[PDB]
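Asks: Protein chains in written order, with the UniProt record's numbering: chain G, 29 to 201, 217 to 254, 270 to 277, 289 to 495; chain B, 29 to 201, 217 to 254, 270 to 277, 289 to 495. For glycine and all other residues, C-beta sits at the position ideal for the given N, C-alpha and C.
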Ligand code: HEM
Ligand code: HEM
């Protein structure tokens, strides 16, 4: 099975038997992606065990895969297991089942239902300053992913349901997945065992805690299929939110000529520390020119993936069935051929002046097509609503223990090695 | 493989393919054991999947298996998995490894180290009355396995380490094992996955909480092998203790002519509510004649098991290798041929007058032989030390919701269906 890329004339790193190419993950997904983009060119192939992965960099191919032929050939993501009752969640569902669930869950992030969420988010952005004013008034670094996490936690529990808890009460919230890929034929076994990658007690904790996004559901849909959708929203709305807030907070304290220039637009549209509304936010381009630049540097999903469900010949290339087409986000976001000095944080790539020479099938940090980030709008609203309410009250400087430059986690997920700490000044 | 008991001329219930006889577990281990003792006689056989189990009732065979030929042919228990680092714990260890660990852990339950534990147990037997005086002074049933559990928890955390917590702070503390037996060939897989029957977070909770019985350890032994031994002691010292306390408490409120007659010996050896010492306890025969009668009725382990590691011919019968010899405790404890009116709770079977006509290879509620209950003494001390400190202060009467007669759990473990509740009067 490992001669599929020798056959189709597609170059690649040679795969070891049984293991495939995962031996080269020893530095991380991202570094293995940038590596081969230099090694073999515009299209290369590798194997995740016996699993052949096609890496595409041509932005038309990318468009064909995510948008044009999404509904036809590349509908679903890579098989990930074992999960259990979670097989119904949207980021996991496939074919016809996903269609019924992406329709049903689209109503949540409209321009009308998101504006309904700015005044309720205006409540926890003040539990964020008051919990960041206690660790500022005293000389002491600050662990951004706790206070932002405590924040991002509070936001998601309400933007969808309605529960309210100051995450200082500490409400709730790659060791073995390594074997998934060399033993994907073992996933069918683990299922008939109820066994979960999500420990069966984080789920039983919520196999009853479920029994607004909650409203707009029961308002056709099932009930064990109702539990799962709350889960994903809770993870993404917490983890992804806090993670990037601290990611930008690092690039603001280590680039203070940008931290002040962003603080000089915040006191222009919102004078006298004016609370942010749905519309004042969308005005601010630098806050966008930054958020889009950090996400151009730290794409929190690194790669997009789709599963080629039949023989196709997109943009000149015969693609066989069962292959995983993989858009290597992190590697493009930092490609020289498309970004000058790409290691450098320069929110002026997303200036209206320059955001013309910017191809949205290279910078896709929320994906694209009918299966793109369904929370992208809610995400880009939830972040800047906290980015404003914090760059009005505090300016951030390096610490003594602040990881400069920031070491990305060479393991799996995209996070820093040591957590981002920063000195906060009022 | 399922023709092993047709071969050896041993009668039994006919086994379905692949499943074996576990279909007959639909009423519980115990009822399936009593059933076949009537069906086929003194020796019968059945299959736990492909796993042949030999049930022996002859008390000499039983003696040959537990005591005489224990070190030789029947050393270890049934293979139970998957476990992980827990493969070193004593109740699990086998062959040579178990010898090094039953020696090392014998010093804990001497007459000298147990007497050192009566004054420290005299401390939580008073947190038991004061937590049972709050639910008595007010008219309200009492859930015995909480207050006893809260008690039995407190005792074991100190009798071995030294930590002290009133278990009212709520400190810490058959869905899928059904597949173990039909798929025992899947246990080798699950191991290379770190996967635990004990959820990997109840263990990570203590993969660091470990880093007296604690003293007598590091005083040769390992450290990941030190964590496991604390675990078993914590379960057995908590669960088994509370469970039987409530088991006797049921048989004392539903047999009050015994509850008073035991309260009439307690105020004889310990006058003026005298605190119990190591020696006053051993004096009291009825408190023993009861504890031994409840355990004759509710044997908390139901069956003893050993694994026949080579061809043998004990007491006339050729026994092949790899068979699990199983002493059906629950079925003997309630055998007519050895106990008149065996359903009836009558602590006078264990009177010194009658405890002569009583064969200790039939009543073995702590087993026997070199692999018997290592905590039996500590157990029979920990229980009566709470049985005294409670039958001095309170008398127990039926409630309106008290399960009379007591329905045993027809699932797996030996517990009641509804928890035992009782009205407590001071
Ligand atoms: C900075 C924050 C976020 C980023 C960078 C991000 C990025 C992404 C990406 C790259 C994808 C995959 C798209 C593809 O492969 O085609 C995705 C999918 C998804 N995201 Fe997010 N996301 C963010 C926040 C959120 C939030 C707050 C939610 C709240 C529910 C969310 C829910 C989802 C869902 C449901 C999907 C899958 C949609 C589907 O498969 O139909 N994301 N996101
Ligand atoms: C009423 C209370 C208890 C009862 C009825 C009981 C009963 C038993 C039984 C029937 C066995 C199996 C013997 C065999 O199959 O040969 C056993 C083994 C064992 N019990 Fe208990 N037990 C009790 C309390 C305890 C306590 C408090 C501990 C504390 C550590 C404990 C620790 C153990 C250990 C370590 C073994 C296995 C010894 C070995 O395999 O070497 N038990 N017990």
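Using three-state DSSP, classify residue 182 of chain G as helix, strand or coil.
Replies: In the displayed model, residue 182 of chain G falls within a helix according to three-state DSSP.
Asks: Should residue 119 of chain G be counted as a contact of ligand 1 given a C-beta to heavy atom distance under 6 angstroms?
Replies: Indeed, a heavy atom of ligand 1 lies less than 6 angstroms from the Cβ.
Asks: When every heavy atom of ligand 2 is checked, does at least one fall within less than 6 angstroms of the C-beta of residue 441 of chain B?
Replies: yes
Asks: Along the chain, where does the alpha helix (DSSP H) containing residue 400 of chain B start, and where does it finish?
Replies: 398 to 402
Asks: Given this structure, state the Cα-to-Cα distance separating residue 467 of chain B from residue 409 of chain B, to the nearest angstrom.
Replies: 26 angstroms
Asks: Is residue 369 of chain G near ligand 1, judged by its Cβ being under 6 angstroms from some heavy atom?
Replies: yes
Asks: Beta carbons nearer than 9 angstroms to chain B: which residues of the stretch 217 to 244 of chain G have them?
Replies: 218, 219, 222, 226, 229, 232, 233, 235, 236, 237, 238, 242, 243 and 244
Asks: Give the list of continuous alpha helix (DSSP H) stretches no shorter than 4 residues that lie fully inside the stretch 87 to 136 of chain B.
Replies: Runs found: 87 to 91 and 124 to 133.
Asks: So, do the stretch 453 to 464 of chain G and the stretch 328 to 346 of chain G have three or more beta carbon pairs nearer to each other than 8 angstroms?
Replies: yes
Asks: Do residue 198 of chain G and residue 175 of chain G have their CB atoms nearer than 7 angstroms?
Replies: The answer is no: Cβ separation not under 7 angstroms.
Asks: Taking buried to mean at least 16 other C-beta atoms within 10 Å of its own C-beta, is residue 162 of chain B buried or exposed?
Replies: exposed
Asks: What's the call for residue 235 of chain B, buried or exposed, on a 16-neighbour Cβ count within 10 Å?
Replies: exposed
Asks: Cα-Cα, which of G/489, G/374 and G/296 is closest to residue 108 of chain G?
Replies: G/374
Asks: Going by DSSP, what residue range makes up the alpha helix (DSSP H) through residue 428 of chain G?
Replies: Segment: none, residue 428 of chain G is in no alpha helix (DSSP H) and carries neither H nor E.
Asks: List, from N- to C-terminal side, the beta strand (DSSP E) runs of 3 residues or more that fit wholly inside the stretch 350 to 421 of chain B.
Replies: Along the stretch 350 to 421 of chain B, the beta strand (DSSP E) occurs as fully enclosed runs of 3 or more residues at 373 to 376, 381 to 383, 386 to 388 and 393 to 396, listed in sequence order.
Asks: Report, in whole angstroms, the separation of the C-beta atoms of residue 490 of chain G and residue 471 of chain G, which I expect to be a contact under 8 angstroms.
Replies: 5 angstroms
Asks: Would you say the stretch 83 to 103 of chain G touches the stretch 66 to 75 of chain G, given that touching needs at least three Cβ pairs under 8 angstroms?
Replies: In short, these stretches touch, since the Cβ pair count reaches three.
Asks: Give me the DSSP bridge partner(s) of residue 171 of chain G.
Replies: G/490
Asks: Specify the secondary structure class of residue 332 of chain G as computed by DSSP and reduced to three states.
Replies: helix
Asks: Relative to the C-alpha of residue 437 of chain G, which candidate in G/411, G/42, G/495 and G/97 has its C-alpha closest?
Replies: G/97
Asks: Taking C-beta to C-beta, are residue 224 of chain B and residue 61 of chain B nearer than 7 angstroms?
Replies: No, the Cβ-Cβ distance between residue 224 of chain B and residue 61 of chain B is not below 7 angstroms.
Asks: Taking 7 angstroms as the cut-off, decide whether the C-beta atoms of residue 321 of chain B and residue 328 of chain B are in contact.
Replies: yes
Asks: Quick one: does the C-beta of residue 400 of chain G sit closer than 6 angstroms to a heavy atom of ligand 3?
Replies: In the structure on display, ligand 3 does not appear, and the ligands it does have are ligand 1 and ligand 2.
Asks: Considering residue 509 of chain B, what are the terminal residues of the beta strand (DSSP E) in which it resides?
Replies: Any question about residue 509 of chain B goes unanswered here, given that chain B covers just 29 to 495.
Asks: Note the first and the last residue of the continuous beta strand (DSSP E) segment covering residue 464 of chain G.
Replies: Segment 464 to 466, the beta strand (DSSP E) holding residue 464 of chain G.
Asks: I'd like to check one pair, residue 272 of chain B with residue 135 of chain B: are the Cβ atoms closer than 7 angstroms?
Replies: no
Asks: Using a threshold of 7 angstroms, state whether the C-beta atoms of residue 420 of chain G and residue 301 of chain G are closer than that.
Replies: no
Asks: By the DSSP assignment, the alpha helix (DSSP H) with residue 319 of chain B in it spans what residues?
Replies: 310 to 322
Asks: Any heavy atom of ligand 1 closer than 6 angstroms to the Cβ of residue 130 of chain G?
Replies: Yes, since a heavy atom of ligand 1 falls inside the 6 angstroms radius drawn around the Cβ of residue 130 of chain G.
Asks: I need the DSSP call for residue 76 of chain B, collapsed to helix, strand or coil.
Replies: strand
Asks: Starting from residue 140 of chain G, trace the alpha helix (DSSP H) both ways and give me its first and last residue.
Replies: 139 to 143
Asks: Report the rounded CA-to-CA distance for residue 102 of chain G versus residue 481 of chain G, giving the unit in angstroms.
Replies: 25 angstroms
Asks: In whole angstroms, give me the CA-to-CA distance for residue 187 of chain B and residue 254 of chain G.
Replies: 42 angstroms
Asks: Given residue 381 of chain B, which residues of its chain have a CB within under 8 angstroms of its CB, disregarding the five upstream and five downstream residues?
Replies: Once the five neighbours on either side are set aside, the close Cβ partners of residue 381 of chain B are 97, 101, 387 and 388.
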